[PDB]
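Structure first, commentary second.
Throughout, protein chains are lettered first and strands after them, A, B, ... in sequence-line order, and every chain is numbered starting at 1. Heavy atoms only: backbone and side chains are in, while hydrogens, waters and symmetry mates are out.
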Number of protein chains: 6
Amino acid sequence: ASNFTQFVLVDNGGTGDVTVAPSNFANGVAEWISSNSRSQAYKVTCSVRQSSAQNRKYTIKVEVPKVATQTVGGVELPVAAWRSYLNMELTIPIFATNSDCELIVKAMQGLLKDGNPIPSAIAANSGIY
Amino acid sequence: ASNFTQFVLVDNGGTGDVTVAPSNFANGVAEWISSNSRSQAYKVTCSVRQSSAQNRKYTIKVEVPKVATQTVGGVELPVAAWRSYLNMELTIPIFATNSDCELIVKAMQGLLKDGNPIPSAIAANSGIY
Amino acid sequence: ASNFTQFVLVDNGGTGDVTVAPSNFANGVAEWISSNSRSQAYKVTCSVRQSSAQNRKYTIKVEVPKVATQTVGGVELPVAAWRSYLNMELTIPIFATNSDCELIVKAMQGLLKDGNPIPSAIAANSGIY
Amino acid sequence: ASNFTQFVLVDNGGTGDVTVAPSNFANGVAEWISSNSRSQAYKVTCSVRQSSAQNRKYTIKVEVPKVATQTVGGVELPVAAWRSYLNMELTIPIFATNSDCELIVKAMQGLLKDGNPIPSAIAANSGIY
Amino acid sequence: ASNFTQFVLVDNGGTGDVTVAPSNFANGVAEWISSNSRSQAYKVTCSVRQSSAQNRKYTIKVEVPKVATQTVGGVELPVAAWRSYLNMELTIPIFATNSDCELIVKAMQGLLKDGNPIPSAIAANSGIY
Amino acid sequence: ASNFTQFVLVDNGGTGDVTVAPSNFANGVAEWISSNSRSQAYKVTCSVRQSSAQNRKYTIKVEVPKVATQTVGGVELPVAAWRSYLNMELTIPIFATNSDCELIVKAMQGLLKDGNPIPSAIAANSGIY
RNA sequence: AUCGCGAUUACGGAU
RNA sequence: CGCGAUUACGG
RNA sequence: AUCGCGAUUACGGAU
RNA sequence: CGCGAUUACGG
């Protein structure tokens with residue numbers, strides 16, 4: 001049994017989908033990378049720790065690259081023109097039951113559901129208004 | 001036209017749904033709160049800023065409360081036994097087109113889709129394994 | 001919901017009613033004004049904020065024009081001689097439920113109900129006696 | 001005549017109605033409180049002052065209590081869990097006619113009428129949007 | 001109603017028309033940008049302020065970009081060769097009627113109508129003579 | 001060409017049109033005024049200069065009279081209560097061709113076109129909401 | 001407050 | 001910052 | 001005098 | 001920390 005498996009990070013129908021696969025799990029930090037050039041790959045890392053006596057804290061990170069070709073001196077390399085960085089920290093008290101945690105996950109999914117304020121602002125280079 | 005409207009943060013069928021509604025938009029920080037006692041309410045805040053010459057940066061925050069009743073000296077008040085705090089920062093270069101941003105949003109939605117590694121770990125008080 | 005809508009501020013039973021409509025939403029401060037020059041308009045603004053860790057506070061301001069001997073659309077100076085200013089601050093502890101808040105609204109409606117002391121004193125250029 | 005009379009502050013249809021009565025006029029501040037221990041009473045105060053050469057200012061305050069029984073030193077005392085405070089100040093120019101003042105009263109009544117924006121927001125622990 | 005809607009900034013007869021849409025209202029500054037990377041977008045901002053006891057001032061800004069593709073560090077980025085800036089400030093007395101304001105709008109529209117002096121000079125990289 | 005000619009500033013469809021005609025050319029600053037006393041006239045001035053080595057800049061100023069309750073030919077004080085001031089500054093990089101400039105003019109026409117946000121806000125004594 | 005003040009444009013300068 | 005938090009504060 | 005300043009609310013703070 | 005980032009680094 002494992003949850004350290006590959007999964008679909010970006011879903012575009014059943015083709016053009018971005019899949020990220022396990023790559024490293026050193027020092028309590030799980031890492032997933034999409035295939036092909038590491039330079040143009042999507043990256044996801046995750047870890048958990050006892051931040052304090054009563055809290056556990058997750059640290060999730062995602063990197064979305066802008067695939068491009070670099071040319072210098074006639075030598076072209078596969079690179080990322082730039083990257084978007086997502087850093088999130090989730091703090092959960094040790095009193096949270098599995099039911100409480102499921103609620104916390106639904107809250108995160110709802111926050112980003114299509115059509116809702118926040119994902120709509122981001123997807124349009126906008127802020128709130 | 002506005003995206004500063006109320007929306008469903010937690011979806012439980014069509015009943016028991018947690019709705020969060022606009023409450024304040026001071027100093028570039030949009031805030032949403034669920035109804036009833038502010039003390040037991042869900043909170044969501046969001047803001048955007050030009051973090052540097054080439055980047056814009058979103059700061060999203062969510063608070064999930066554990067509803068409980070406090071009793072002291074025979075006086076009972078509606079409170080939150082504790083809260084989960086979600087803090088996320090999304091950095092996006094100014095070269096990102098609307099298409100690039102839509103991709104960034106699909107990445108975030110995919111990261112948290114039911115069944116995927118990360119949301120499954122959280123929902124089970126677990127880490128990666 | 002979306003409660004930022006036009007409403008009747010001064011009710012004269014259909015004929016001579018003063019309607020006030022949304023006119024600004026800068027900084028989360030909602031504003032409504034009558035169809036007049038801003039020097040002679042009825043103005044209403046409302047905002048909410050967490051005044052402290054234990055309280056939330058609504059700040060409601062109203063501006064009412066002096067109508068007797070008024071010259072519609074004219075320049076009337078000094079400004080202070082032709083306008084009345086209402087300034088309300090409602091502090092509500094974060095423990096107040098919707099029910100508690102409904103009762104608070106009723107208390108305000110009762111305070112200003114027709115025939116009661118306060119409104120009768122104001123309407124007659126009087127004090128309490 | 002004398003406008004210093006009792007009135008019903010909170011109307012719950014002649015059953016559980018909070019009526020408030022005259023209780024003090026010391027120092028030019030008219031006071032009304034409900035039939036309770038001074039520690040659990042609803043309180044209303046009003047005072048008028050010639051705040052300037054050409055202005056008159058009414059200062060009105062209402063206190064809505066959340067009644068409770070507290071056990072202090074092993075003994076039960078009637079007390080208030082918390083209180084909600086309404087502080088309003090109305091500045092009216094001395095040139096205001098009686099009919100000009102009636103206009104101000106109607107505006108305040110219309111402002112808080114059931115179904116209108118502001119009372120709706122307050123009653124729902126919400127902001128205007 | 002709500003006047004914060006999208007509109008066509010540059011009209012090229014429904015084909016290559018530059019339409020601009022709401023994107024931010026943080027800090028009381030209404031913003032509109034076109035569907036482009038933030039680095040190549042048309043931008044329009046507007047804000048109203050009570051610049052004095054008896055004045056209201058609208059501050060409006062428009063940014064027209066000259067789009068281009070630039071090769072930085074051997075990589076292609078969507079950028080703007082240069083930008084044209086329009087900064088306008090309109091000061092209107094509070095005694096201005098709605099019809100007085102309509103008069104101001106018509107003057108501004110007449111000012112820039114095709115064939116009139118000013119737009120003719122600007123369009124021809126010329127001065128008035 | 002010679003574009004320093006009389007033109008219609010306020011179009012009321014033939015009847016009640018406000019025409020503005022050349023009235024001064026001192027210092028290369030072109031001026032146009034309506035047929036009124038200078039205290040009640042519509043005034044337009046326009047000039048161009050090389051603001052810097054990289055830019056040219058047009059400075060356009062408009063003065064519009066408050067017409068409601070106006071006394072034609074009378075002495076109306078204070079001046080600030082009876083006049084609105086438009087102040088436009090258009091900066092254009094020296095690389096802008098006539099085509100680029102034509103587009104810049106269209107952007108200005110679109111900004112003020114009837115029915116769009118900005119002109120509707122101004123005409124209704126409002127802000128953005 | 002004003003500037004036929006500047007800008008890389010919600011910033012800076014001068015009186 | 002896989003820094004802490006009473007969560008738009010603090011290191 | 002003003003504050004979308006605070007409160008334990010006829011008191012206190014700031015400009 | 002609505003601190004910045006070349007993103008498990010740094011303030």
Problem - Stems where RNA chain I pairs, listed by first number, each of three or more Watson-Crick or G-U pairs under 3.5 Å - result: I:1-3 with I:13-15
Handout entry: Atom pair CG (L111(A)) and CD1 (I60(B)), whose distance is rounded to the nearest 0.5 Å
Key = 6.5 Å
Handout entry: Charged N-O contact under 4.0 Å between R38(E) and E31(E)
Key = yes
Exercise for the section: Rounded to the nearest angstrom, tell me the gap between atom CD in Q70(A) and atom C1' in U6(J). Expected result: 14 Å
Handout entry: Close residues, residues 41-51 of chain A, relative to RNA chain H [heavy-atom separation under 4.0 Å]
Key = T45(A), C46(A), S47(A), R49(A), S51(A)
Problem - Minimal non-hydrogen separation, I94(E) against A53(E), with atom names - result: CD1-O, 4.1 Å
Practice task
Take the protein atom CD of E89(E) and the nucleotide atom P of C3(G), then report the distance between them rounded to whole Å.
Solution key: 9 Å
Handout entry: For the student: nearest non-hydrogen atoms of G127(E) and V48(F), plus distance
Key = CA-CG2, 3.8 Å
Practice task
Mind calculating the distance between CG (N87(D)) and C1' (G12(I)) to the nearest angstrom?
Solution key: 13 Å
Exercise for the section: Pick the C1' atom in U8(G) and in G12(G), then give their distance to the nearest Å. Expected result: 12 Å
Fill in the blank from the handout: Note: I128(E) and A30(F) closest approach over all heavy atoms is CG2-CB, 3.5 Å
Handout entry: OP1 or OP2 of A7(I) under 4.0 Å from side-chain N/O of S52(C)
Key = yes
Practice task
Measure from CG on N24(F) to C1' on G4(G) and round the result to the nearest Å.
Solution key: 13 Å
Problem - Minimum-distance nucleotide (side-chain atoms of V29(F) versus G4(G), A10(G), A5(H)) - result: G4(G)
Problem - Shortest non-hydrogen separation from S126(A) to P22(E) and the atoms involved - result: OG-O, 4.0 Å
Practice task
Round to the nearest Å and state the distance from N27(C) atom CG to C3(I) atom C1'.
Solution key: 15 Å
Problem - Which atom of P65(A) lies closest to which atom of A41(A), heavy atoms considered - result: CG-O, 3.8 Å
Problem - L90(F) CG - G4(G) P separation (whole Å) - result: 15 Å
Problem - Residues in contact with RNA chain G, drawn from residues 54-63 of chain F - heavy-atom cutoff 4.0 Å - result: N55(F), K57(F), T59(F), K61(F)
Practice task
Provide the closest heavy-atom pair for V79(C) versus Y85(C) in the form atom of the first, atom of the second, distance.
Solution key: CG1-OH, 3.9 Å
Practice task
Starting from the C-alpha separation in whole Å, work towards a yes-or-no answer on side chain to side chain donor-acceptor pair (under 3.5 Å) for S23(B) and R49(C).
Solution key: CA-CA 8 Å; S23(B) 85; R49(C) 69 173 171 300; over 6 Å; no
Exercise for the section: Report the C-alpha separation of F25(B) and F25(E) in whole Å, then their side-chain angles, then the decisive distance to 0.1 Å, and conclude whether the ring pair (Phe, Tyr, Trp, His ring centres under 6.0 Å) test is met. Expected result: CA-CA 9 Å; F25(B) 197 170; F25(E) 207 169; 7.3 Å; no
Handout entry: Side chains of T91(F) and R56(F), donor plus acceptor under 3.5 Å
Key = no
Handout entry: Aromatic ring proximity, centroids under 6.0 angstrom, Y42(A) and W32(A)
Key = no
Fill in the blank from the handout: note: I92(A), atom CD1; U6(H), atom P; distance rounded to Å ~ 14 Å
Exercise for the section: For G4(J) and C11(G), measure between their P atoms and round to the nearest Å. Expected result: 15 Å
Completion exercise
Here the distance between atom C1' of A1(I) and atom OH of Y85(C), to the nearest Å, is 13 Å
